[PDB]
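Quick look at model_13.tsv (TSV, C-alpha atoms):
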chain	number	residue	atom	x	y	z
A	1	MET	CA	99.98	75.15	105.24
A	2	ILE	CA	98.85	73.11	108.24
A	3	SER	CA	95.46	71.59	109.05
A	4	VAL	CA	93.93	72.13	112.49
A	5	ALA	CA	93.59	68.34	112.68
A	6	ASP	CA	97.38	68.09	112.62
A	7	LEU	CA	98.05	70.53	115.47
A	8	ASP	CA	97.39	68.16	118.38
A	9	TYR	CA	95.79	71.17	120.09
A	10	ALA	CA	93.83	68.74	122.27
A	11	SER	CA	97.10	67.87	124.05
A	12	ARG	CA	97.98	71.48	124.86
A	13	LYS	CA	98.97	72.43	128.41
A	14	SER	CA	97.43	75.91	127.99
A	15	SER	CA	96.95	78.54	125.29
A	16	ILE	CA	98.24	82.03	124.67
A	17	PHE	CA	96.42	83.93	121.98
A	18	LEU	CA	99.08	86.27	120.61
A	19	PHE	CA	97.68	89.27	118.77
A	20	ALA	CA	100.21	90.55	116.25
A	21	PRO	CA	101.42	94.11	115.63
A	22	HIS	CA	101.32	96.09	112.36
A	23	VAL	CA	104.51	95.91	110.31
A	24	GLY	CA	103.82	96.01	106.58
A	25	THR	CA	101.54	98.51	104.84
A	26	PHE	CA	98.36	97.99	102.84
A	27	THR	CA	96.88	99.41	99.67
A	28	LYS	CA	93.17	99.58	98.89
A	29	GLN	CA	93.81	96.58	96.62
A	30	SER	CA	95.57	94.35	99.16
A	31	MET	CA	93.22	95.30	101.98
A	32	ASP	CA	90.12	94.72	99.84
A	33	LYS	CA	90.99	91.00	99.80
A	34	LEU	CA	90.46	90.98	103.56
A	35	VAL	CA	87.58	93.45	103.77
A	36	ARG	CA	85.32	91.53	101.38
A	37	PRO	CA	85.19	88.31	103.45
A	38	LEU	CA	84.59	90.40	106.59
A	39	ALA	CA	81.72	92.20	104.86
A	40	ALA	CA	80.23	88.87	103.73
A	41	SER	CA	80.55	87.17	107.13
A	42	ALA	CA	78.22	86.70	110.10
A	43	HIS	CA	80.08	89.62	111.68
A	44	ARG	CA	78.70	91.99	109.02
A	45	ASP	CA	76.01	93.70	111.08
A	46	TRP	CA	78.13	94.45	114.15
A	47	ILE	CA	81.03	95.59	111.95
A	48	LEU	CA	78.77	97.96	109.98
A	49	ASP	CA	77.25	99.32	113.21
A	50	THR	CA	80.71	99.92	114.66
A	51	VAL	CA	82.24	101.53	111.58
A	52	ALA	CA	79.14	103.71	111.05
A	53	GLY	CA	79.80	105.19	114.49
A	54	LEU	CA	83.44	106.11	113.95
A	55	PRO	CA	82.89	109.61	112.42
A	56	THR	CA	81.16	110.63	115.67
A	57	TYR	CA	84.24	109.66	117.70
A	58	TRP	CA	86.46	111.40	115.16
A	59	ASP	CA	84.38	114.57	115.69
A	60	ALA	CA	85.01	114.46	119.44
A	61	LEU	CA	88.72	113.78	118.93
A	62	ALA	CA	89.01	116.72	116.51
A	63	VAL	CA	87.42	119.08	119.05
A	64	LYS	CA	89.66	117.80	121.84
A	65	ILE	CA	92.86	117.87	119.79
A	66	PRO	CA	92.61	120.52	117.05
A	67	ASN	CA	96.22	119.95	115.88
A	68	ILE	CA	95.14	116.45	114.81
A	69	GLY	CA	91.69	117.51	113.62
A	70	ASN	CA	93.22	120.04	111.20
A	71	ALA	CA	96.02	117.80	109.96
A	72	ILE	CA	94.17	114.94	108.21
A	73	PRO	CA	90.81	114.42	106.48
A	74	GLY	CA	89.70	112.00	109.20
A	75	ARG	CA	85.98	112.30	108.49
A	76	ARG	CA	86.41	111.50	104.81
A	77	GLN	CA	88.69	108.57	105.55
A	78	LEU	CA	86.06	107.14	107.90
A	79	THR	CA	83.04	107.76	105.67
A	80	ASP	CA	84.99	106.05	102.88
A	81	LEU	CA	85.67	103.15	105.28
A	82	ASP	CA	81.95	102.79	105.96
A	83	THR	CA	81.11	102.74	102.25
A	84	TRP	CA	83.88	100.17	101.70
A	85	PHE	CA	82.18	97.68	104.04
A	86	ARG	CA	78.60	98.66	103.31
A	87	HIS	CA	78.64	98.86	99.51
A	88	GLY	CA	82.09	97.76	98.38
A	89	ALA	CA	85.29	99.50	97.29
A	90	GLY	CA	84.69	99.56	93.54
A	91	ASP	CA	87.85	99.88	91.48
A	92	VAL	CA	90.72	99.23	93.90
A	93	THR	CA	93.29	99.25	91.12
A	94	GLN	CA	93.65	103.02	90.76
A	95	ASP	CA	95.74	104.27	93.71
A	96	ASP	CA	98.84	102.48	95.02
A	97	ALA	CA	98.99	104.77	98.07
A	98	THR	CA	99.40	103.05	101.43
A	99	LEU	CA	96.40	103.27	103.76
A	100	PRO	CA	96.59	105.52	106.86
A	101	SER	CA	96.60	104.15	110.41
A	102	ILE	CA	93.22	105.77	111.17
A	103	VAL	CA	91.80	103.07	108.85
A	104	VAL	CA	94.38	100.27	109.18
A	105	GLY	CA	94.09	100.20	112.98
A	106	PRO	CA	90.34	99.48	112.89
A	107	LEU	CA	90.67	97.02	110.01
A	108	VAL	CA	93.46	95.01	111.66
A	109	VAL	CA	91.49	94.83	114.92
A	110	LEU	CA	88.59	93.34	112.94
A	111	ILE	CA	90.90	90.94	111.09
A	112	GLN	CA	92.39	89.73	114.35
A	113	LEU	CA	89.07	89.38	116.19
A	114	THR	CA	87.49	87.43	113.33
A	115	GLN	CA	90.56	85.17	113.01
A	116	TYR	CA	90.33	84.51	116.74
A	117	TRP	CA	86.66	83.57	116.52
A	118	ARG	CA	87.32	81.35	113.49
A	119	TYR	CA	90.16	79.63	115.39
A	120	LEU	CA	87.77	78.85	118.23
A	121	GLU	CA	85.35	77.47	115.64
A	122	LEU	CA	87.99	75.27	113.99
A	123	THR	CA	89.12	73.88	117.37
A	124	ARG	CA	85.75	73.71	119.17
A	125	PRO	CA	84.72	70.64	121.22
A	126	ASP	CA	82.94	68.00	119.10
A	127	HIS	CA	79.61	68.47	120.91
A	128	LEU	CA	79.35	72.21	120.17
A	129	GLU	CA	77.55	73.60	117.12
A	130	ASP	CA	79.55	76.10	115.06
A	131	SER	CA	76.91	78.70	115.93
A	132	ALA	CA	77.54	78.19	119.66
A	133	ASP	CA	78.88	80.95	121.89
A	134	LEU	CA	82.51	79.98	121.50
A	135	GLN	CA	83.81	82.76	123.77
A	136	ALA	CA	81.53	81.75	126.63
A	137	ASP	CA	82.79	78.20	126.19
A	138	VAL	CA	86.53	78.90	126.32
A	139	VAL	CA	86.06	81.28	129.25
A	140	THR	CA	83.94	78.78	131.19
A	141	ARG	CA	86.41	75.94	130.59
A	142	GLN	CA	89.59	77.93	131.40
A	143	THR	CA	89.81	76.21	134.80
A	144	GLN	CA	89.83	72.65	133.37
A	145	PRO	CA	93.17	70.83	133.21
A	146	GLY	CA	95.05	71.95	130.10
A	147	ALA	CA	92.49	74.66	129.27
A	148	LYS	CA	94.06	77.79	130.74
A	149	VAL	CA	93.86	80.74	128.29
A	150	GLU	CA	95.66	84.10	128.28
A	151	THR	CA	95.76	86.82	125.66
A	152	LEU	CA	98.93	88.63	124.71
A	153	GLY	CA	98.92	91.65	122.41
A	154	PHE	CA	101.95	93.14	120.68
A	155	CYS	CA	101.61	96.91	119.93
A	156	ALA	CA	98.26	97.27	118.07
A	157	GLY	CA	97.55	93.65	119.01
A	158	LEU	CA	96.85	94.94	122.52
A	159	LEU	CA	93.60	96.44	121.24
A	160	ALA	CA	92.23	93.06	120.18
A	161	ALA	CA	93.89	91.11	123.02
A	162	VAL	CA	92.29	93.29	125.68
A	163	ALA	CA	88.91	93.14	123.91
A	164	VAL	CA	88.99	89.32	124.05
A	165	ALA	CA	90.24	89.33	127.66
A	166	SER	CA	87.35	91.61	128.61
A	167	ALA	CA	84.71	89.38	127.01
A	168	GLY	CA	82.88	86.65	128.85
A	169	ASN	CA	80.49	85.75	126.01
A	170	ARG	CA	79.50	86.61	122.42
A	171	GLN	CA	77.67	89.80	123.35
A	172	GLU	CA	80.69	91.09	125.26
A	173	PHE	CA	83.01	90.00	122.45
A	174	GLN	CA	81.05	92.35	120.16
A	175	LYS	CA	80.87	95.11	122.78
A	176	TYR	CA	84.57	95.14	123.63
A	177	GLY	CA	85.57	94.39	120.04
A	178	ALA	CA	83.75	97.61	119.10
A	179	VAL	CA	85.63	99.47	121.84
A	180	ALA	CA	88.88	98.18	120.35
A	181	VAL	CA	87.94	99.37	116.85
A	182	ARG	CA	87.16	102.87	118.14
A	183	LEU	CA	90.40	103.08	120.12
A	184	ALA	CA	92.38	101.82	117.14
A	185	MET	CA	90.87	104.59	115.02
A	186	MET	CA	91.77	107.21	117.60
A	187	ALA	CA	95.33	105.99	118.14
A	188	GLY	CA	95.71	105.77	114.37
A	189	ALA	CA	94.55	109.38	114.06
A	190	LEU	CA	97.23	110.58	116.49
A	191	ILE	CA	99.89	108.72	114.54
A	192	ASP	CA	98.59	109.95	111.15
A	193	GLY	CA	98.14	113.54	112.34
A	194	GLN	CA	101.66	113.83	113.66
A	195	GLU	CA	102.94	112.26	110.45
A	196	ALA	CA	101.09	114.84	108.31
A	197	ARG	CA	102.47	117.67	110.47
A	198	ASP	CA	106.01	116.24	110.24
A	199	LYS	CA	105.85	115.89	106.47
A	200	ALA	CA	105.27	119.64	106.25
A	201	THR	CA	108.70	120.23	107.81
A	202	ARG	CA	112.32	119.71	106.76
A	203	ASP	CA	112.55	116.68	109.05
A	204	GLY	CA	109.87	114.88	107.06
A	205	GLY	CA	107.65	112.04	108.22
A	206	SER	CA	109.13	109.01	109.94
A	207	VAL	CA	110.12	105.53	108.83
A	208	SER	CA	111.14	102.43	110.75
A	209	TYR	CA	113.75	99.73	110.39
A	210	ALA	CA	114.07	96.20	111.68
A	211	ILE	CA	117.67	95.94	112.89
A	212	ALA	CA	119.76	93.01	114.05
A	213	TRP	CA	123.23	92.62	115.53
A	214	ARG	CA	125.38	89.85	116.97
A	215	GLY	CA	126.66	90.08	120.52
A	216	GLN	CA	126.76	92.52	123.43
A	217	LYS	CA	129.25	94.99	121.94
A	218	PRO	CA	127.65	95.57	118.51
A	219	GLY	CA	124.32	96.04	120.32
A	220	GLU	CA	125.91	98.79	122.41
A	221	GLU	CA	127.25	100.51	119.30
A	222	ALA	CA	123.80	100.39	117.73
A	223	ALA	CA	122.36	101.97	120.87
A	224	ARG	CA	125.06	104.66	120.79
A	225	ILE	CA	124.26	105.48	117.16
A	226	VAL	CA	120.54	105.80	117.86
A	227	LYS	CA	121.19	107.90	120.96
A	228	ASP	CA	123.42	110.25	118.94
A	229	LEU	CA	120.42	110.76	116.63
A	230	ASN	CA	118.07	111.50	119.57
A	231	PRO	CA	115.30	112.75	119.44
A	232	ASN	CA	114.89	112.11	115.69
A	233	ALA	CA	115.65	108.41	116.14
A	234	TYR	CA	114.53	106.10	118.94
A	235	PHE	CA	114.03	102.41	119.79
A	236	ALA	CA	110.31	101.67	119.31
A	237	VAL	CA	110.44	97.92	119.91
A	238	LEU	CA	112.86	95.56	121.61
A	239	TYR	CA	112.01	92.49	119.58
A	240	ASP	CA	114.54	89.75	120.34
A	241	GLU	CA	117.78	89.34	122.28
A	242	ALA	CA	119.66	91.12	119.47
A	243	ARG	CA	116.80	92.52	117.36
A	244	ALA	CA	114.94	95.83	117.59
A	245	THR	CA	112.82	98.24	115.59
A	246	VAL	CA	114.12	101.78	115.31
A	247	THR	CA	112.15	104.77	114.08
A	248	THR	CA	113.58	108.00	112.76
A	249	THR	CA	112.72	111.05	110.67
A	250	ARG	CA	113.17	110.82	106.90
A	251	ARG	CA	115.83	113.55	107.09
A	252	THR	CA	118.05	111.45	109.35
A	253	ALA	CA	117.18	108.02	107.99
A	254	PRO	CA	120.11	107.69	105.53
A	255	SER	CA	122.54	108.61	108.31
A	256	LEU	CA	120.97	106.08	110.67
A	257	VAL	CA	120.98	103.30	108.08
A	258	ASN	CA	124.53	103.98	106.89
A	259	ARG	CA	126.06	104.20	110.36
A	260	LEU	CA	124.29	101.05	111.58
A	261	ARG	CA	125.46	99.11	108.54
A	262	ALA	CA	129.03	100.33	109.03
A	263	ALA	CA	128.78	98.98	112.60
A	264	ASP	CA	127.85	95.54	111.26
A	265	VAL	CA	124.15	95.87	112.09
A	266	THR	CA	121.65	94.61	109.53
A	267	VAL	CA	118.96	97.13	108.63
A	268	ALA	CA	115.72	96.40	106.81
A	269	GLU	CA	112.99	98.97	106.25
A	270	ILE	CA	109.55	97.97	107.44
A	271	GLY	CA	106.39	99.40	105.94
A	272	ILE	CA	104.56	101.24	108.70
A	273	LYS	CA	104.87	105.02	108.58
A	274	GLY	CA	104.88	107.37	111.54
A	275	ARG	CA	106.01	107.25	115.14
A	276	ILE	CA	104.65	104.58	117.45
A	277	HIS	CA	105.78	103.92	121.03
A	278	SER	CA	107.10	107.47	120.83
A	279	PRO	CA	108.81	109.53	123.56
A	280	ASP	CA	108.10	112.83	121.68
A	281	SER	CA	106.74	115.68	123.84
A	282	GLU	CA	104.00	116.40	121.30
A	283	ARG	CA	102.97	112.74	121.42
A	284	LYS	CA	102.93	112.75	125.24
A	285	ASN	CA	100.68	115.82	125.25
A	286	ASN	CA	98.33	114.41	122.61
A	287	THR	CA	98.16	111.11	124.43
A	288	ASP	CA	97.25	112.83	127.72
A	289	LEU	CA	94.44	114.59	125.85
A	290	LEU	CA	93.22	111.34	124.27
A	291	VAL	CA	93.29	109.58	127.65
A	292	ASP	CA	91.21	112.41	129.14
A	293	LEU	CA	88.70	112.19	126.28
A	294	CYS	CA	88.32	108.42	126.60
A	295	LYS	CA	87.45	108.77	130.28
A	296	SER	CA	84.31	110.62	129.19
A	297	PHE	CA	82.90	107.74	127.10
A	298	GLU	CA	81.49	104.55	128.62
A	299	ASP	CA	81.60	103.12	125.09
A	300	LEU	CA	85.39	103.55	124.99
A	301	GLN	CA	85.94	101.37	128.07
A	302	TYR	CA	87.28	97.86	128.36
A	303	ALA	CA	86.58	95.73	131.44
A	304	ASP	CA	88.41	96.81	134.60
A	305	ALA	CA	91.68	95.03	135.41
A	306	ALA	CA	89.98	93.50	138.45
A	307	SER	CA	87.13	92.17	136.30
A	308	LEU	CA	88.71	90.59	133.21
A	309	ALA	CA	87.25	87.38	131.82
A	310	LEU	CA	90.73	86.15	130.80
A	311	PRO	CA	94.21	87.27	131.90
A	312	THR	CA	96.10	89.63	129.62
A	313	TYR	CA	99.51	91.34	129.34
A	314	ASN	CA	101.07	94.70	128.71
A	315	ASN	CA	104.37	95.11	126.82
A	316	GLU	CA	106.50	95.99	129.86
A	317	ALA	CA	107.98	92.54	130.49
A	318	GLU	CA	106.11	91.89	133.73
A	319	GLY	CA	106.56	88.12	133.60
A	320	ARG	CA	102.84	87.65	134.26
A	321	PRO	CA	99.45	89.06	133.23
A	322	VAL	CA	98.57	92.57	134.36
A	323	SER	CA	97.73	92.71	138.06
A	324	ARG	CA	94.13	92.96	139.27
A	325	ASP	CA	94.75	96.47	140.67
A	326	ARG	CA	96.02	97.87	137.35
A	327	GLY	CA	92.81	99.87	136.90
A	328	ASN	CA	91.76	101.47	133.61
A	329	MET	CA	92.53	99.17	130.71
A	330	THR	CA	91.73	101.66	127.98
A	331	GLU	CA	94.33	104.02	129.41
A	332	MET	CA	96.83	101.18	129.62
A	333	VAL	CA	96.33	100.18	126.00
A	334	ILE	CA	96.41	103.78	124.66
A	335	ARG	CA	99.64	104.63	126.51
A	336	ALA	CA	101.25	101.28	125.73
A	337	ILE	CA	100.83	101.82	122.00
A	338	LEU	CA	101.30	105.57	121.62
A	339	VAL	CA	104.08	106.37	124.10
A	340	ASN	CA	105.63	103.51	126.04
A	341	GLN	CA	108.48	101.48	124.60
A	342	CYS	CA	107.42	98.03	123.52
A	343	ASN	CA	109.65	95.53	125.32
A	344	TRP	CA	108.38	92.60	123.30
A	345	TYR	CA	111.35	90.30	123.88
A	346	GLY	CA	111.04	90.63	127.65
A	347	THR	CA	107.25	90.41	127.51
A	348	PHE	CA	107.15	87.27	125.40
A	349	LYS	CA	109.93	85.56	127.32
A	350	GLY	CA	108.10	86.48	130.51
A	351	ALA	CA	104.81	85.01	129.30
A	352	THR	CA	106.34	81.72	128.16
A	353	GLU	CA	109.33	80.93	130.39
A	354	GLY	CA	108.89	77.92	132.67
A	355	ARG	CA	105.69	76.96	130.84
A	356	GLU	CA	104.65	75.05	127.72
A	357	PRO	CA	101.83	77.19	126.32
A	358	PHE	CA	100.33	76.57	122.91
A	359	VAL	CA	100.93	79.94	121.25
A	360	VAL	CA	98.43	80.87	118.55
A	361	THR	CA	99.22	84.08	116.62
A	362	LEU	CA	96.33	86.08	115.19
A	363	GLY	CA	97.04	88.79	112.65
A	364	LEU	CA	99.21	89.26	109.59
A	365	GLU	CA	102.77	89.42	110.93
A	366	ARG	CA	104.93	86.71	112.51
A	367	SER	CA	105.40	87.66	116.14
A	368	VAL	CA	107.41	85.00	117.99
A	369	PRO	CA	111.04	86.12	118.51
A	370	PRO	CA	113.32	83.67	116.62
A	371	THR	CA	115.47	82.84	119.67
A	372	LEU	CA	112.35	81.85	121.60
A	373	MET	CA	110.49	80.04	118.83
A	374	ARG	CA	112.75	76.96	118.98
A	375	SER	CA	111.75	76.09	122.57
A	376	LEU	CA	108.02	76.27	121.78
A	377	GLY	CA	108.53	73.29	119.47
A	378	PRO	CA	105.33	72.07	117.78
A	379	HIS	CA	102.94	73.76	120.22
A	380	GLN	CA	102.53	76.97	118.27
A	381	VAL	CA	100.80	78.05	115.10
A	382	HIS	CA	100.59	81.24	113.07
A	383	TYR	CA	96.96	81.61	111.98
A	384	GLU	CA	97.85	82.59	108.38
A	385	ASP	CA	99.40	79.13	107.94
A	386	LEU	CA	96.16	77.26	108.68
A	387	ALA	CA	94.08	75.44	106.11
A	388	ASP	CA	90.44	76.56	105.78
A	389	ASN	CA	91.21	79.78	107.64
A	390	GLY	CA	88.97	82.07	105.60
A	391	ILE	CA	86.26	83.92	107.48
A	392	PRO	CA	83.13	81.98	106.50
A	393	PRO	CA	80.36	83.82	104.68
A	394	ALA	CA	77.21	84.30	106.79
A	395	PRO	CA	75.11	81.10	107.12

Serialized structure, structure tokens:
Amino acid sequence: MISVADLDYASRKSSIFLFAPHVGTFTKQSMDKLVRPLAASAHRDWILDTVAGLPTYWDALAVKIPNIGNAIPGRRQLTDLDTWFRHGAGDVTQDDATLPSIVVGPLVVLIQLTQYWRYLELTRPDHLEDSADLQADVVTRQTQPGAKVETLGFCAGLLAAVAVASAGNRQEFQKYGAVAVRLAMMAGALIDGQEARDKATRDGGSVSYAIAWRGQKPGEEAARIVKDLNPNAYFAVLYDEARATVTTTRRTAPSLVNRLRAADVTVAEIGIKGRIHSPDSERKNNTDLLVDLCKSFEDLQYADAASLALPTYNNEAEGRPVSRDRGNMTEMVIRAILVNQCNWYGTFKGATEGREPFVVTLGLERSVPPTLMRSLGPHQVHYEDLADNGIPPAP
């Protein structure tokens, strides 16, 4: 545990707010520990308003994409989510089932956004009240020496990162935060729906593994093994120089694991179920439909790429924030998460190389590639490690 007072954040050259991906799963019990402080916080009213509205967006999604609408009880999952925040979960000890992405996506967006706001509060200038518009302040000061700010999302972290980058003040933080929650729900539904459909087949649903090798050659063998298991298996995330996340169907998982291990590749199962960053034809078609649907809702839009309040990144290793002509940010985020490979290693190296940014990770998973963490030295912090990092109850 580290105190904000011990970070020397005041001596930073710049900041990158890194919004983490999902990795591990949640139960009602484990998630309740995070939901309760959210529900008790100053964010309560805007959270409730946002979550109350989700079933309407689910309805539209179900009409647009009947294969997803018929596959999962999306409405029930979302009405239960509303009750969870509004009235409480009740006994969370009963069911050890992992929560679906249609709910975890929205919840993790909220966790990340509230951590971000609390970080601004903990590090705010001495003259500012804790009730001040902290977003307006960091955005206004971003031109001062040593006050540059960028946001950098990793997979689902893109939803929160782009919300913050779109927001010039508190009102816009709430507006674009709500957009992010809705998009997270919808992306989660596509993942969950395909998973339910897959489980009804011999191939089964999908699972993912964090893998690691040593050297060029063993990496090539790992790639060969995954390719041989195409299209069941694929590389979802390129995480570090010699680390990746691979996803495959349950049917082929033992084969994948056993062949990788025989090739001297370490393999560790991660929690998240389903297929993310997926090249599947069904996923491509569903994503095209979701993109079309989002175009029809003003309330599903982020700021335009030419109008962001702060710079932000995709996960395609550009070496710089997305260009001002990149256009529709909702489409970029949806495609980046649902279909496009996540080149995290290249993205993170690109965002940090030749610079000395203070990297602050929001979320619940450690996100800085080990080979690149060393060079960041002391100018980094993972939010979970901070003292007094609870979301404060409403004043």

Would you mind telling me which residue in A:141, A:277, A:76, A:28 lies nearest to residue 95 in chain A when using all atoms listed in the file?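 When distances to residue 95 in chain A are compared using all atoms listed in the file, the smallest one comes from A:28.
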
Residues of range 136-225 of chain A at most 10 Å from range 53-64 of chain A: nearest atom pair and distance in Å, all atoms listed in the file, as JSON lines:
{"residue": "A:178", "atom": "CA", "partner": "A:53", "partner_atom": "CA", "distance": 9.7}
{"residue": "A:181", "atom": "CA", "partner": "A:54", "partner_atom": "CA", "distance": 8.6}
{"residue": "A:182", "atom": "CA", "partner": "A:54", "partner_atom": "CA", "distance": 6.5}
{"residue": "A:183", "atom": "CA", "partner": "A:57", "partner_atom": "CA", "distance": 9.3}
{"residue": "A:185", "atom": "CA", "partner": "A:54", "partner_atom": "CA", "distance": 7.7}
{"residue": "A:186", "atom": "CA", "partner": "A:58", "partner_atom": "CA", "distance": 7.2}
{"residue": "A:189", "atom": "CA", "partner": "A:58", "partner_atom": "CA", "distance": 8.4}
{"residue": "A:190", "atom": "CA", "partner": "A:61", "partner_atom": "CA", "distance": 9.4}

One-decimal distance in Å that lies between CA of residue 311 in chain A and CA of residue 2 in chain A: 28.0 Å

Tell me, as an MDAnalysis selection string, which residues lie within 9 Å of residue 100 in chain A, counting all atoms listed in the file; anything in the same chain fewer than 2 positions away does not count. chainID A and resid 25:26 77 98 102:105 188:189 191:192 273

Would you list the contacts of residue 345 in chain A as a ChimeraX atom specification, taking every protein, DNA or RNA residue within 7 Å and counting only C-alpha atoms, but skipping same-chain residues closer than 5 positions in sequence? /A:238-241,369

So how many Å separate CA of residue 156 in chain A and CA of residue 7 in chain A, to one decimal?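 These atoms are spaced 26.9 Å apart.
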
Between CA of residue 22 in chain A and CA of residue 357 in chain A, what distance in Å does the model show, to one decimal?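 Between these atoms lies a distance of 23.5 Å.
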
May I have a table of the residues of range 9-39 of chain A lying at most 12 Å from range 163-173 of chain A, giving each one's closest pair of atoms and their distance in Å to one decimal, counting all atoms listed in the file, ordered by chain and ascending residue number, as JSON lines?
{"residue": "A:16", "atom": "CA", "partner": "A:165", "partner_atom": "CA", "distance": 11.2}
{"residue": "A:17", "atom": "CA", "partner": "A:164", "partner_atom": "CA", "distance": 9.4}
{"residue": "A:18", "atom": "CA", "partner": "A:164", "partner_atom": "CA", "distance": 11.1}
{"residue": "A:19", "atom": "CA", "partner": "A:164", "partner_atom": "CA", "distance": 10.2}

Top pick for closest residue to residue 330 in chain A, considering A:295, A:355, A:214, A:36 and counting only C-alpha atoms: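 Among the listed residues, the smallest separation from residue 330 in chain A belongs to A:295.
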
When you count all atoms listed in the file, which of these residues is closest to residue 218 in chain A: A:351, A:237, A:242, A:196? A:242

Contacts of residue 275 in chain A at 10 Å or less, counting only C-alpha atoms, minus same-chain residues fewer than 3 places along, as JSON, numbers by chain? {"A": [190, 191, 192, 194, 195, 205, 206, 207, 208, 233, 234, 236, 246, 247, 248, 249, 272, 278, 279, 280, 283, 338, 339]}

Can you work out which one of A:123, A:11, A:101, A:67 has the shortest atom-to-atom distance to residue 184 in chain A, counting all atoms listed in the file?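 Of A:123, A:11, A:101, A:67, the one nearest residue 184 in chain A, counting all atoms listed in the file, is A:101.
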
Tell me which residues come within 10 Å of (85.1, 92.3, 102.0), as a PyMOL selection string, counting only C-alpha atoms in the file's coordinates. chain A and resi 31-41+44+84-89

Select, from A:91, A:316, A:353, A:203, the residue with the minimum atom-to-atom distance to residue 336 in chain A, counting all atoms listed in the file.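 The shortest atom-to-atom distance to residue 336 in chain A comes from A:316.
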
Surrounding residues of range 360-368 of chain A excluding itself and chain neighbours under 2 positions, 6 Å, all atoms listed in the file, as a list in words: residues 17, 18, 19, 20, 112, 373, 380, 381, 382 and 383 of chain A

Would you kindly return, as a list in words, each protein, DNA or RNA residue with an atom no farther than 8 Å from any atom of residue 289 in chain A, considering all atoms listed in the file and excluding same-chain residues fewer than 3 positions away?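 Near neighbours after the sequence-gap exclusion: residues 64, 65, 285, 286, 292 and 293 of chain A.
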
For residue 122 in chain A, the nearest of the candidates A:107, A:51, A:387, A:81, counting all atoms listed in the file: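 With all atoms listed in the file as the atom set, the closest residue is A:387.
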